(Lines of atoms letter the chains of each structure in order from A and count residues from 1; the text may use other names and numbers.)
(Lines give C-alpha, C1' and ligand atoms only; values in the text may rest on other atoms or scores of the structure.)
Protein backbone atom coordinates (compact mmCIF):
# COMPACT_ATOMS: atom_id res chain seq x y z
CA UNK A 1 0.00 0.00 0.00
CA UNK A 2 1.39 3.41 -0.97
CA UNK A 3 1.68 6.00 1.81
CA UNK A 4 -0.69 8.27 -0.14
CA UNK A 5 -3.34 7.85 -2.82
CA UNK A 6 -4.06 10.20 -5.71
CA UNK A 7 -7.26 10.26 -7.74
CA UNK A 8 -9.03 12.66 -10.04
CA UNK A 9 -12.47 14.13 -9.40
CA UNK A 10 -13.00 16.10 -12.63
CA UNK A 11 -10.35 18.85 -12.70
CA UNK A 12 -9.40 18.32 -9.00
CA UNK A 13 -6.70 15.99 -7.76
CA UNK A 14 -7.47 14.45 -4.40
CA UNK A 15 -4.43 13.29 -2.48
CA UNK A 16 -5.24 11.06 0.52
CA UNK A 17 -2.75 10.25 3.31
CA UNK A 18 -3.05 6.45 3.57
CA UNK A 19 -1.88 5.25 7.00
CA UNK A 20 -5.05 5.21 9.10
CA UNK A 21 -3.59 2.49 11.34
CA UNK A 22 -0.85 5.01 12.26
CA UNK A 23 -3.28 7.99 12.53
CA UNK A 24 -1.97 9.16 9.17
CA UNK A 25 1.40 10.15 10.67
CA UNK A 26 3.92 11.18 7.99
CA UNK A 27 6.80 8.95 7.02
CA UNK A 28 8.88 8.66 3.85
CA UNK A 29 6.20 6.58 2.09
CA UNK A 30 3.62 9.34 2.74
CA UNK A 31 6.09 11.92 1.37
CA UNK A 32 6.71 9.93 -1.79
CA UNK A 33 2.96 9.65 -2.50
CA UNK A 34 2.02 13.25 -1.61
CA UNK A 35 5.12 14.74 -3.24
CA UNK A 36 4.76 12.80 -6.50
CA UNK A 37 1.03 13.60 -6.73
CA UNK A 38 1.68 17.34 -6.20
CA UNK A 39 4.27 17.32 -8.96
CA UNK A 40 1.88 15.46 -11.29
CA UNK A 41 -0.77 18.10 -10.43
CA UNK A 42 1.61 20.97 -11.34
CA UNK A 43 2.40 19.66 -14.81
CA UNK A 44 -1.09 18.49 -15.79
CA UNK A 45 -3.00 21.54 -17.16
CA UNK A 46 -6.24 19.53 -16.80
CA UNK A 47 -5.76 19.67 -12.99
CA UNK A 48 -6.97 23.05 -11.73
CA UNK A 49 -6.91 22.44 -7.94
CA UNK A 50 -5.62 19.95 -5.32
CA UNK A 51 -7.29 18.59 -2.18
CA UNK A 52 -5.24 16.96 0.57
CA UNK A 53 -7.03 14.75 3.10
CA UNK A 54 -6.46 11.74 5.38
CA UNK A 55 -7.92 8.22 5.07
CA UNK A 56 -10.75 7.32 7.44
CA UNK A 57 -12.93 9.23 9.92
CA UNK A 58 -10.39 9.74 12.79
CA UNK A 59 -7.21 11.49 11.58
CA UNK A 60 -6.14 14.07 9.03
CA UNK A 61 -2.56 13.66 10.26
CA UNK A 62 -1.40 13.06 13.82
CA UNK A 63 2.08 14.50 13.17
CA UNK A 64 5.52 13.27 12.22
CA UNK A 65 5.83 9.50 12.72
CA UNK A 66 7.52 9.25 16.11
CA UNK A 67 8.49 5.58 15.71
CA UNK A 68 10.32 6.57 12.48
CA UNK A 69 12.10 9.37 14.37
CA UNK A 70 13.19 6.92 17.10
CA UNK A 71 14.46 4.57 14.37
CA UNK A 72 16.49 7.35 12.69
CA UNK A 73 14.52 6.94 9.45
CA UNK A 74 14.24 10.01 7.23
CA UNK A 75 10.63 11.22 6.95
CA UNK A 76 10.86 13.11 3.68
CA UNK A 77 10.80 12.23 -0.02
CA UNK A 78 14.07 10.29 -0.53
CA UNK A 79 14.55 11.94 -3.98
CA UNK A 80 13.33 15.42 -2.95
CA UNK A 81 14.46 16.60 0.48
CA UNK A 82 13.90 20.18 -0.77
CA UNK A 83 10.12 19.53 -0.74
CA UNK A 84 10.26 19.27 3.08
CA UNK A 85 7.88 17.42 5.38
CA UNK A 86 5.43 15.12 3.53
CA UNK A 87 6.80 16.23 0.15
CA UNK A 88 4.41 19.08 0.76
CA UNK A 89 5.38 21.95 3.09
CA UNK A 90 8.19 23.30 0.93
CA UNK A 91 6.69 22.28 -2.38
CA UNK A 92 5.16 25.27 -4.07
CA UNK A 93 2.91 24.55 -6.99
CA UNK A 94 0.90 27.01 -9.09
CA UNK A 95 -2.38 25.19 -8.53
CA UNK A 96 -4.50 26.07 -5.45
CA UNK A 97 -4.27 23.61 -2.56
CA UNK A 98 -7.01 22.85 -0.05
CA UNK A 99 -6.64 20.86 3.18
CA UNK A 100 -9.77 18.83 3.94
CA UNK A 101 -9.08 18.23 7.58
CA UNK A 102 -11.17 15.19 8.40
CA UNK A 103 -10.01 14.77 11.99
CA UNK A 104 -6.95 15.10 14.23
CA UNK A 105 -4.44 17.57 12.73
CA UNK A 106 -1.66 17.95 15.30
CA UNK A 107 1.94 19.07 14.88
CA UNK A 108 2.96 18.16 11.33
CA UNK A 109 -0.76 17.84 10.60
CA UNK A 110 -1.36 21.48 11.52
CA UNK A 111 1.76 22.31 9.48
CA UNK A 112 0.22 20.67 6.40
CA UNK A 113 -2.77 22.96 6.93
CA UNK A 114 -0.54 26.08 7.30
CA UNK A 115 1.29 25.08 4.11
CA UNK A 116 -1.99 24.79 2.16
CA UNK A 117 -3.71 27.74 0.45
CA UNK A 118 -7.05 27.00 2.07
CA UNK A 119 -8.44 24.76 4.80
CA UNK A 120 -11.80 23.18 5.39
CA UNK A 121 -12.27 21.17 8.56
CA UNK A 122 -14.57 18.66 10.15
CA UNK A 123 -16.08 20.20 13.31
CA UNK A 124 -14.47 17.40 15.40
CA UNK A 125 -10.95 18.18 14.13
CA UNK A 126 -8.33 19.52 16.54
CA UNK A 127 -5.37 21.69 15.53
CA UNK A 128 -2.16 22.44 17.46
CA UNK A 129 1.63 22.40 17.64
CA UNK A 130 2.43 20.15 20.63
CA UNK A 131 5.99 19.50 19.46
CA UNK A 132 7.40 21.47 22.42
CA UNK A 133 5.74 19.05 24.88
CA UNK A 134 7.96 16.21 23.67
CA UNK A 135 11.24 18.05 23.10
CA UNK A 136 10.70 18.70 19.36
CA UNK A 137 9.89 21.89 17.46
CA UNK A 138 7.47 22.62 14.58
CA UNK A 139 10.27 22.29 12.07
CA UNK A 140 7.98 21.71 9.08
CA UNK A 141 7.23 25.49 8.85
CA UNK A 142 5.04 25.76 11.93
CA UNK A 143 7.50 27.90 13.91
CA UNK A 144 7.55 30.77 11.39
CA UNK A 145 4.16 30.25 9.65
CA UNK A 146 1.88 30.22 12.72
CA UNK A 147 2.49 33.95 13.44
CA UNK A 148 2.01 34.78 9.75
CA UNK A 149 -1.43 33.18 9.81
CA UNK A 150 -2.72 34.01 13.33
CA UNK A 151 -2.47 37.18 15.34
CA UNK A 152 0.98 37.44 16.96
CA UNK A 153 -0.12 36.89 20.56
CA UNK A 154 -2.54 34.04 19.69
CA UNK A 155 0.16 32.40 17.55
CA UNK A 156 2.77 32.66 20.35
CA UNK A 157 0.48 31.08 22.99
CA UNK A 158 -0.17 28.12 20.68
CA UNK A 159 3.51 27.73 19.80
CA UNK A 160 4.90 28.07 23.33
CA UNK A 161 2.20 26.17 25.32
CA UNK A 162 1.70 23.36 22.74
CA UNK A 163 -1.98 23.28 23.67
CA UNK A 164 -4.60 22.44 21.05
CA UNK A 165 -7.16 24.63 19.26
CA UNK A 166 -10.64 23.49 18.21
CA UNK A 167 -11.72 23.70 14.56
CA UNK A 168 -14.30 26.35 15.60
CA UNK A 169 -11.69 28.54 17.29
CA UNK A 170 -9.35 28.07 14.32
CA UNK A 171 -12.14 29.28 12.01
CA UNK A 172 -13.05 32.19 14.34
CA UNK A 173 -9.43 33.38 14.18
CA UNK A 174 -9.26 33.05 10.39
CA UNK A 175 -6.62 30.30 10.53
CA UNK A 176 -9.04 28.08 8.59
CA UNK A 177 -11.78 28.90 6.08
CA UNK A 178 -14.68 26.74 7.17
CA UNK A 179 -15.99 24.26 9.70
CA UNK A 180 -18.44 21.63 8.48
CA UNK A 181 -20.67 18.88 9.86
CA UNK A 182 -18.95 15.67 10.93
CA UNK A 183 -18.20 13.45 7.96
CA UNK A 184 -18.69 16.06 5.23
CA UNK A 185 -15.24 17.70 4.86
CA UNK A 186 -14.30 16.14 1.49
CA UNK A 187 -17.50 17.28 -0.28
CA UNK A 188 -17.16 20.73 1.32
CA UNK A 189 -13.56 20.92 0.08
CA UNK A 190 -14.53 19.88 -3.47
CA UNK A 191 -17.26 22.54 -3.44
CA UNK A 192 -14.58 25.13 -2.49
CA UNK A 193 -12.29 23.81 -5.23
CA UNK A 194 -15.13 24.31 -7.78
CA UNK A 195 -15.56 27.93 -6.67
CA UNK A 196 -11.91 28.34 -7.74
CA UNK A 197 -11.56 26.08 -10.79
CA UNK A 198 -14.33 27.94 -12.71
CA UNK A 199 -12.04 30.97 -12.68
CA UNK A 200 -9.40 31.68 -15.35
CA UNK A 201 -6.58 29.33 -14.37
CA UNK A 202 -3.71 31.62 -15.40
CA UNK A 203 -5.22 34.43 -13.28
CA UNK A 204 -5.66 32.19 -10.21
CA UNK A 205 -2.11 30.96 -10.58
CA UNK A 206 -0.56 34.41 -11.11
CA UNK A 207 -2.56 35.55 -8.02
CA UNK A 208 -1.12 32.76 -5.91
CA UNK A 209 2.46 33.48 -6.99
CA UNK A 210 2.17 37.20 -6.17
CA UNK A 211 0.41 36.57 -2.84
CA UNK A 212 3.27 34.37 -1.54
CA UNK A 213 6.05 36.37 -3.28
CA UNK A 214 7.20 33.57 -5.55
CA UNK A 215 10.21 34.14 -7.81
CA UNK A 216 11.39 31.34 -10.13
CA UNK A 217 9.57 28.65 -8.06
CA UNK A 218 10.67 29.77 -4.58
CA UNK A 219 8.72 31.49 -1.81
CA UNK A 220 11.59 33.90 -1.11
CA UNK A 221 10.19 35.31 2.15
CA UNK A 222 10.18 31.78 3.69
CA UNK A 223 13.88 31.17 3.16
CA UNK A 224 15.08 32.95 6.29
CA UNK A 225 12.57 30.91 8.35
CA UNK A 226 13.77 27.62 6.89
CA UNK A 227 17.43 28.64 7.36
CA UNK A 228 16.84 29.56 11.03
CA UNK A 229 14.80 26.40 11.58
CA UNK A 230 17.71 24.29 10.26
CA UNK A 231 20.26 26.25 12.30
CA UNK A 232 18.28 25.75 15.56
CA UNK A 233 17.54 22.04 14.94
CA UNK A 234 21.26 21.31 14.89
CA UNK A 235 21.83 22.75 18.41
CA UNK A 236 18.72 20.99 19.78
CA UNK A 237 19.81 17.54 18.48
CA UNK A 238 23.03 17.71 20.51
CA UNK A 239 21.27 18.51 23.82
CA UNK A 240 20.79 16.16 26.79
CA UNK A 241 17.07 17.08 26.75
CA UNK A 242 16.88 15.71 23.18
CA UNK A 243 17.29 12.25 24.77
CA UNK A 244 14.57 12.83 27.39
CA UNK A 245 11.35 13.17 25.34
CA UNK A 246 11.68 9.67 23.83
CA UNK A 247 13.22 8.30 27.08
CA UNK A 248 10.26 9.57 29.16
CA UNK A 249 7.63 8.18 26.76
CA UNK A 250 9.42 4.80 26.71
CA UNK A 251 9.42 4.68 30.55
CA UNK A 252 5.69 5.58 30.86
CA UNK A 253 6.45 8.79 32.81
CA UNK A 254 6.52 12.60 32.69
CA UNK A 255 9.81 14.07 31.36
CA UNK A 256 12.24 15.92 33.66
CA UNK A 257 13.87 18.65 31.53
CA UNK A 258 17.34 20.07 32.34
CA UNK A 259 17.54 22.95 29.76
CA UNK A 260 20.82 21.43 28.56
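Residue numbers count along the first chain shown, from 1.
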- Out of 27-35 and 230-238, which one has CA B-factors that are higher on average in the deposited record? 230-238
- Query: According to the deposited model, is the average Cα temperature factor higher in 239-247 or in 12-20?
  - Reply: 239-247
- Note on the structure: Entry-reported C-alpha B-factor of residue 219 relative to its chain, by third, is highest
- Note on the structure: Here the Cα B-factor of residue 172, set against its chain, lands in the third termed middle
- Select lowest, middle or highest to describe the third in which the CA B-factor of residue 145 falls within its chain in this entry. lowest
- Note on the structure: Chain-relative C-alpha B factor for residue 94 (record values, thirds): the middle
- Message: By the recorded C-alpha temperature factor, relative to the other modelled residues in its chain, which third is residue 161 in?
- Response: lowest
